[PDB]
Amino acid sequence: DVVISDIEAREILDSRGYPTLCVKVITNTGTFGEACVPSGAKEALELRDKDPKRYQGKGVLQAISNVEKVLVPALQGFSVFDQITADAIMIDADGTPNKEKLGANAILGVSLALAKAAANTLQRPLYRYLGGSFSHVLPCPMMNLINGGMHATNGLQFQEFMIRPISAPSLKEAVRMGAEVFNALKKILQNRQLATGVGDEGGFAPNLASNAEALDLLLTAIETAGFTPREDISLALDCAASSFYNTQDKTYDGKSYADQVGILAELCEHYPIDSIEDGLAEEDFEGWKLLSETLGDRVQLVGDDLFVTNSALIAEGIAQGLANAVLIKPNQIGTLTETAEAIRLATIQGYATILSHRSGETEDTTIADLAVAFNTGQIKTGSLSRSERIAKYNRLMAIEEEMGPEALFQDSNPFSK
């Protein structure tokens, strides 16, 4: 039997230039797996050094030390294949709900590198090791193209405007459709002398005046690339509505939650939007109730800040009838075991799940494997530039090819266009 023998960790930079860690788990046979940990811009504790003379306080040398001095003794000798056991051991070694003692980034690095070490030991694909023999669904992506809100200096209230290449027969064709719309948009922006520098996700933040102008521009880009909105490519939003919710007044840039729901409803009547993420604030439970009752029969309603990949919040959301899809960000919770339990709890209640990148990503592509492992049918992993995004699409295309006739590209949005 193959057991954990050592764990190495080192400090790298993420795609924004800030430190994070990569972790290598090594078995007693000399097999190993390596994974790196992303980071967002309210969740499991990302442990930073706070040394002001180093990376403005964002080093992760202490988390690395926790991997090497705490998790190594806690895990060595245990089977490389007992994923749930290893994750429980780390959760207990930390002892706190939010992983604030050892660092959720230290624990997630080990959690992912361990699964890969086991898969590499069996010489089996990670998605098959994690998801079993019937892992076979390639996800329909939601692809960022235009940014606003807190992610821009334009007049867009909402944070992200995405396309979904819903008519693609394959993931690789979904990628091409996305890339061609991206190229048409880039050229449209150049022709309009609007900014073409890209943001964290690899899409654009031109100076547009309103959510509707952004939606119109994506429609123009779709058609210019030669595709039909609604039939070939639909739209999705991330409002990140907490960003413009006044908790004292209970208003969204002056509007009641009922007004805000009316605004989203009108957009959905006039645009081929089939998914809305965080349309109301994370704690506006009456708003979410009205949003779910008003559009939950017609459009995918995704909780991101509402759920934070957290099984307790998901269960409370489902009991109250809120939303119909869950964003899954493994580092928000900190182990694969808890990520899987979030996915299972949502899926058996009829919710879709969507594997998601973070704004600070790395060259690690685990979330592509996780999306296939759990047959989620959806992923959210960025625009069509910058290799910390593209590498996930490249990994999905490799998975689809490796699976040959077993692959199925299949959107899990219940309400597709």
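Numbers for residues come from their place in the sequence shown, where the first is 1.
Counting the deposited residues that fall between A41 and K42 and carry no coordinates gives a value of 4 to 9. Of the two segments examined, 151-159 and 97-105, it is 151-159 that shows the higher average Cα temperature factor in the deposited entry. Looking at 331-339 and 248-256 together, the entry lists the larger mean B-factor for 248-256, computed on C-alpha atoms.
Highest CA B-factor among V137, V110, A88, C239, as stated in the entry: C239.
Note on the listed residues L71, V302, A174, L194: the highest Cα temperature factor in the record is that of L194. Residue-level temperature factors show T121 in the lowest third of its chain, judged at the C-alpha atom. Among all modelled residues in its chain, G59 ranks in the lowest third by Cα B-factor. Ranked within its chain, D1 lands in the highest third, by CA B factor from the PDB record. When the CA B factors of the chain's modelled residues are split into thirds, the value for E277 lands in the lowest one. Sort the modelled residues of the chain by CA B factor and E34 lands in the middle third.
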